[PDB]
Every structure is written in C-alpha cells, then in structure tokens.
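Number of protein chains: 4
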Amino acid sequence: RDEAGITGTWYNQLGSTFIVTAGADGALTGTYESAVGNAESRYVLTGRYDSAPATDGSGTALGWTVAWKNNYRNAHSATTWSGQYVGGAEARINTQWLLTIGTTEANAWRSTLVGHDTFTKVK
Amino acid sequence: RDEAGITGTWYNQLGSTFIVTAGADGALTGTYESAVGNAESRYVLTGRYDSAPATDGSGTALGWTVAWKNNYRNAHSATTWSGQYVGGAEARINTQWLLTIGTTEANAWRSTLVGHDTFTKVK
Amino acid sequence: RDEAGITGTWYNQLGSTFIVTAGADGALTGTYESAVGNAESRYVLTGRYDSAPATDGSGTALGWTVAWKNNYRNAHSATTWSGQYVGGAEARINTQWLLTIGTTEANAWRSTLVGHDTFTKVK
Amino acid sequence: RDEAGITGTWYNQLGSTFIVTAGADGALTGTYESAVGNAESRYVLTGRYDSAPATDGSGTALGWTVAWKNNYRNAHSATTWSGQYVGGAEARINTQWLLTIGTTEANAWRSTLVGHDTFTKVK
Numbered sequence: 012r013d014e015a016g017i018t019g020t021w022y023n024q025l026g027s028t029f030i031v032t033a034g035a036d037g038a039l040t041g042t043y044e045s046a047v048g049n050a051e052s053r054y055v056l057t058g059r060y061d062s063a064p065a066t067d068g069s070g071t072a073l074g075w076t077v078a079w080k081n082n083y084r085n086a087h088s089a090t091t092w093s094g095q096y097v098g099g100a101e102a103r104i105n106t107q108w109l110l111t112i113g114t115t116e117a118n119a120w121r122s123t124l125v126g127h128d129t130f131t132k133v134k
Numbered sequence: 012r013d014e015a016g017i018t019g020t021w022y023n024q025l026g027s028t029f030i031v032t033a034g035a036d037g038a039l040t041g042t043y044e045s046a047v048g049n050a051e052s053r054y055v056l057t058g059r060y061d062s063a064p065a066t067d068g069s070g071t072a073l074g075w076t077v078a079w080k081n082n083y084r085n086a087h088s089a090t091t092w093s094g095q096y097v098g099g100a101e102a103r104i105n106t107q108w109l110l111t112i113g114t115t116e117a118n119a120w121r122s123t124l125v126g127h128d129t130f131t132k133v134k
Numbered sequence: 012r013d014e015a016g017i018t019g020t021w022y023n024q025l026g027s028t029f030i031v032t033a034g035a036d037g038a039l040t041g042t043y044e045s046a047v048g049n050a051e052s053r054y055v056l057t058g059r060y061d062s063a064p065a066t067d068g069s070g071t072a073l074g075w076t077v078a079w080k081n082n083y084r085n086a087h088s089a090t091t092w093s094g095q096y097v098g099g100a101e102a103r104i105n106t107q108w109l110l111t112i113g114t115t116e117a118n119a120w121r122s123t124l125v126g127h128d129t130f131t132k133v134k
Numbered sequence: 012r013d014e015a016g017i018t019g020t021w022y023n024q025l026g027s028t029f030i031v032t033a034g035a036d037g038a039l040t041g042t043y044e045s046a047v048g049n050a051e052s053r054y055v056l057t058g059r060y061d062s063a064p065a066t067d068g069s070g071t072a073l074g075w076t077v078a079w080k081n082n083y084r085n086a087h088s089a090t091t092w093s094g095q096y097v098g099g100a101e102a103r104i105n106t107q108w109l110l111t112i113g114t115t116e117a118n119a120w121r122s123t124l125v126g127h128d129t130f131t132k133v134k
C-alpha cells in the first residue's frame, strides 16, 4: 500500500539521510548516513513495515535498525527507529529511536540514548 | 565474534520466543512469537548487530524489528528492540523496545509503548 | 539562573498548557492542563531543575511529574517529562516524557507510553 | 490508599536508595542517593502518585524527578522516573526513567539516557 510512498530518500532534522526500499512482503532494506555521531558514509539498514495498514487514515507502522559498523568505522552501537509513515502532500516518517552502545554490565544503566527523528522527502 | 553466541532460540520474561540467525555481515534474520498482545504464531524479524565488538568485555550492540503482520493477524504495529548481547555461562540479551501502533495524526501522541525485555536461552 | 526564564506559562504542540514557578532551590511547582487524553482542567505538577547550569551555552536540565488526578477525573496514570530549558529569543523546553497507566502485573508490559513535547511561551 | 505502602526506603538493582514520603494529596517528597554516575550523597526528589488507584488489583501510577545538584556536586542533569507501585508481600516499584544532561542544541540528539529501575524494600 505505502510501498512506493515509503521507498525513496528521506532526511531528518539533523541532516541525516535514509535511502529505503519497501518490499511487497513488509521488508525494509536500505542505507543510513548520519550527519552526527561517530559515523561516516553509509550503514546497512534492515527493517519491517505493515504492508496492509488500517484504511481509516492511520499511519503505517514500521521500524528499522542500523548497526554502526561499515568499512570506515565501528561505533560499537546500534540504533532502532520505531515510527509511522504518514503519506499525503508533506509525507513524513515520525519516529522515536533507541541507540544502544556496547558496554560492561556495570555501565549498562547508561548504555542507551533515546530521541525522536522526523523524516521528510525534502532536505 | 558473537555470531554463534547470538544465533539460536531466546526467551523473555513474558514467555515470548525469538529464533535468530546472525550472519557474518552483521545481519539478523529470524522469527518472533509473542506470548502477549494481538499476536499469534511467528512474525518475520530482521535486524543488525556489531560483528566486531570491543574486546574489553563489553556487550555486542544489536537491534531488530518485527512488523506484527503475518498470515493470521495484522496488529497495525511494529516493535523495535535495541540492546546488547552479553555472553558467558548465563548469556543474555538485554533490550529496551519501542512499539508503534498505526494511528491518526491526532492520536499520534499516544502511539508508542516503551518497555524492556531480557532474553535468555533458558525458558 | 534560568529561574525567571523557566517561570511562566508554556504551551506544547498539542495545545496543552503548563504554568510553572521555579524556586531558587531548584524546585518546580505549577499546574498542567492537557489538551488531550483523559484529562480536564488543572493537575498539580512538581519537579526539579538544575539551578546552576553549565555556563557554556548548554541548556538547563529539568523534569516534572503530573499525576492525572484532580477533582474532576482520575486517569490512574502519571506522566514525567525530562528535558532542557534553552533560553534566548525563542526560549523552549525540549522534553521526552513517560506516561505510566496503573495496570495488573500481566498487562505491565503495555503500561507505558513514550513521546516528546516541545514547549514555547507562544501558543 | 498506597500512602503507607509507598512511604519508606526503597532500593534498586544498582544499589541506589530512595527515601520517600507520600502525602494524602498525591505528593511525593524525599531524597535519592545514586550508587552510580556523577552523584554523591542525597538529592532532593519531588513527585506525584495517584492517591485513589483502581481497586481491580492494578498498580498505583507515580513518578518523581531528581535534579542532580546538591552541595557536593552538580551533574547538570535530571532524571525522571515513571512507574507503578505494586503492593503485597514483595512490594515493588517498577519504573522506566529518562535522564537528561544539559547540552548545546547541536548535541541535543544525544542528551537523554533511558533505562528501567525496580525498587524493593529489601537491599
């Protein structure tokens, strides 16, 4: 349903960029480039979305993960985004995210950042 | 590194079950069965993990997503887990998760549950 | 420092309103009126802020709680906001919040909404 | 209702300690001592709880805030806990928390830790 609507290049308020393909099966495959943090170039991302959303003008639930390792850097961390795609003239992906950094069991309590990202097709 | 350690069947305190394969590339593919909620049987999951973790006895950062649609039910929702694998005798995956339910823009404020799951290899 | 800057009436993107006094001691006392949810009229709020913030143009960390009970309604729930006050022409309070609803131990997993609120002095 | 049940000294899995008085009005006043982080000795805490909970064996929603400034240290940060008190033989407070550190607008994205604390009356 929102396969074509989701597929494409998205930008968030930090200037990060997210290229995604939605499969018909609910798959999400793409790359993420973060404008901030210990990151450089593209990182594989994988995820899922509801390929048959409510038809009552609800958004489409989706999420994806990025492990922050590629050929340039390893940040020993992983972010997941959870959110909804809302289509229409100004289509957007509204997300909250959890970023976990590898740590010892002692420092576990302080292992996880939380934030929110809004994605548009306009940078 | 933690490829074999991660790969396998995991259980959480709710009685949910998580079968995962770690690829050498940082991929995570598997199925999730939730003991609770609007869920029944298995749901595809995809994710990522750091395949080269710090060697200072840190955990391995990883995450994954489940869209709650399969052939039996569609819950119009998606969960992402963010966490670390910690190996050793009692290996565990400590996660926090975000669950987003498809909604209208008005009800967006109340679209996202947050929780924590601990996974062990013992049910 | 940000005592006068914090003290006053704030509005968020949902149309909710937040009247707060900052004490010199780091106290926050006021009332909250939510434009949404099972709420009506004002609810006591209490909180804390850092009364001696970094002087390097950082924000001022603060938080507060609202139990959603007053003389009109009891929602069996409580929200905490965690955030920073950033002063200047367009002063703002950027928050993430956790809303917990009283539940049985079984339904605990689904007891907590998470969101973000931005507060301005302009409605 | 849970005024006496809540009032007292609580301990969490990190070894932190939380002394709280519940007022009849839904107020929570006390001190927090964190076993970890940039903290030392006691920090004022203020909060709210539902003083008339559902009588269907639900928990009591409550929350509180600690600004991490006292006479020994200033951590430029604030934690809020959101959770429920569940009474009975092994009474517990199950919480999720948000910790915000004062930052510049650039580093805002990485300003907020998230975690969970379980409190018991047994250390």
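Residue numbers (PDB author numbering), protein chains in the order written: chain W, 12 to 134; chain P, 12 to 134; chain Y, 12 to 134; chain V, 12 to 134.
Note that CB positions come from ideal geometry on N, CA and C, so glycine has one too.
One thing to note: Y:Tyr83 has its Cβ within 7 Å of the Cβ of Y:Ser52. V:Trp79 and V:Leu56 have their C-alpha atoms roughly 10 Å apart. Nearest Cα to Y:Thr90 within the set V:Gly68, V:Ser88, V:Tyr60, V:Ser69: V:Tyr60.
Under the three-state reduction of DSSP output, V:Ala117 falls in the helix class. C-alpha of Y:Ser27 to C-alpha of P:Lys134: approximately 45 Å in a straight line.
Cβ-Cβ distances below 8 Å link V:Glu14 to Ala33, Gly34, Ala35, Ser62 in the same chain, with the five nearest sequence neighbours on each side left out; the list follows chain order. The contact set of P:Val133 on chain V, defined by CB atoms closer than 9 Å, is empty, because the minimum CB distance reaches about 20 Å. Here P:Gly58 is buried. Its C-beta has 16 or more other C-beta atoms within 10 Å.
Within 10 angstroms of the beta-carbon of W:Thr106 lie 16 or more other beta-carbons, which makes it buried. Less than 7 Å divides the Cβ of V:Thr76 from the Cβ of Y:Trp75.
Within chain V, no C-beta atom comes less than 8 Å from the C-beta of P:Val97; the nearest is roughly 15 Å away. Comparing C-alpha distances from V:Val97 to each of V:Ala38, V:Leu110, V:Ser69 shows the shortest one belongs to V:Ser69.
Residues of chain W whose Cβ lies closer than 7 Å to the Cβ of P:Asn105 are, in chain order, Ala119. V:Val31 is the residue among V:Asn49, V:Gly99, V:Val31 whose C-alpha sits nearest the C-alpha of V:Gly41.
Ranked by Cα distance from P:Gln95, the options W:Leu110, W:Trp92, W:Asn81, W:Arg103 are led by W:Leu110. Neighbours of Y:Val125 in chain W, taken as residues at a C-beta separation under 8 Å, are given in chain order as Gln107, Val125. Excluding its 5 nearest sequence neighbours in each direction, V:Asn81 has C-beta neighbours in its own chain below 7 Å: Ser52, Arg53, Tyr54, listed in chain order. For P:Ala89, the enclosing beta strand (DSSP E) has its first and last residue at 85-97. Any Cβ of chain Y closer than 7 Å to the Cβ of P:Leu25 would place that residue at the interface, and such an atom is present.
Residues of the segment 33-47 of chain V with a C-beta less than 8 Å from any C-beta of chain W: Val47, listed in chain order.
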